[PDB]
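One chain comes next, on its own, written out as structure tokens in the form solved without 3-phosphonopropanoic acid (3PP).
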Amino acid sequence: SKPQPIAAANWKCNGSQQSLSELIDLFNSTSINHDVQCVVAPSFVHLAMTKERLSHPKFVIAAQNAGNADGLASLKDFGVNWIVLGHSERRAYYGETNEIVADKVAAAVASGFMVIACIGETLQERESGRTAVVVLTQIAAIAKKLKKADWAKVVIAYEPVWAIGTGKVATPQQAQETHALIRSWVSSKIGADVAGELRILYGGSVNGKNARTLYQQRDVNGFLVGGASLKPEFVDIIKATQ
């Protein structure tokens, strides 16, 4: 039995609102049957436009990387209930510590948010066989700052850095493994009820072609999609969560 899957979109383009607007209408006209929570995280400056225009009942809006208490509070007052934290990338590029993202997860949860925490290893780490370590260490740090009930507001996205906008995607087995690994750790550290209920999304070069197969994996509960979420094929990715 799987928990509700999630199909999350990461928006970034910097040359219109024309395309976003048309995608939003495409999403607003799409028919979705199965139980799935879709999420669209546009740029901060497109948040207002997106909120008003996006009307599909199975889509919600998420903010990204609100590095501040006042940032969290104003987003929540504005009607935003989701936030995505791009830790894998920020750890690799700027040296953001696991403790700092753990603190931000705890802060976001306490502020009323549903938090999608992006954890993952570098190419060099995956190279030397450290996916296991690196990934569980980030999850361990997060657990240290979360109460058991906090996990109902948390979603884990396994987004390995080497998969992010490179065209390289983890295989349905190579993702199931690190996912199964996360769930078992959570099970034995926090509880079986929390571990089973926990959505563990896969992110990194996902597209309409691979979505179907990755989702068939027992411990994959949806996707975090960047480049492919700016295209009509996202509709396919959603459909693939059944």
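Residue numbers run from 1 along the displayed sequence.
- The PDB entry records a higher mean C-alpha B factor for 20-28 than for its counterpart among 20-28 and 217-225.
- When the C-alpha B-factors of 194-202 and 47-55 are averaged, 47-55 comes out higher.
- Of the candidates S111, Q124, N98, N81, it is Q124 whose Cα B-factor is highest according to the PDB record.
- Within the selection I182, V60, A63, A175, the deposited Cα B-factor values reach their highest point at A175.
- Looking at the C-alpha B-factors along this chain, the one for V39 belongs to the lowest third.
- Split the chain's modelled residues into thirds by C-alpha temperature factor. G129 is in the highest one.
- Ranked by Cα temperature factor within the chain, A107 sits in the lowest third according to the deposited record.
- Among the modelled residues of its chain, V135 has a C-alpha B-factor that falls in the middle third according to the deposited record.
- Sort the chain's modelled residues by C-alpha temperature factor and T166 lands in the middle third, per the entry.
There is another form of this protein, the form deposited with 3-phosphonopropanoic acid (3PP) bound, and it is not shown here; the text below is about that form.
- Note on the partner interface in the deposited complex: the residue among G129, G165, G79, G95 having a heavy atom within 4.5 angstroms of 3-phosphonopropanoic acid (3PP) is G165.
- Figure note: of the listed segments 25-33, 189-197, 45-53, 203-211, the one touching 3-phosphonopropanoic acid (3PP) in the deposited complex, with heavy atoms no more than 4.5 Å away, is 203-211.
- 3-phosphonopropanoic acid (3PP) is not drawn, but in the deposited complex it has no heavy atom within 4.5 Å of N221.
- Proximity of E159 to 3-phosphonopropanoic acid (3PP) in the deposited complex: non-hydrogen atoms within 4.5 Å are present.
- Taking 3-phosphonopropanoic acid (3PP) as positioned in the deposited complex, the residues of 214-236 that bring a heavy atom within 4.5 Å of it are, in sequence order, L224, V225, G226, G227.
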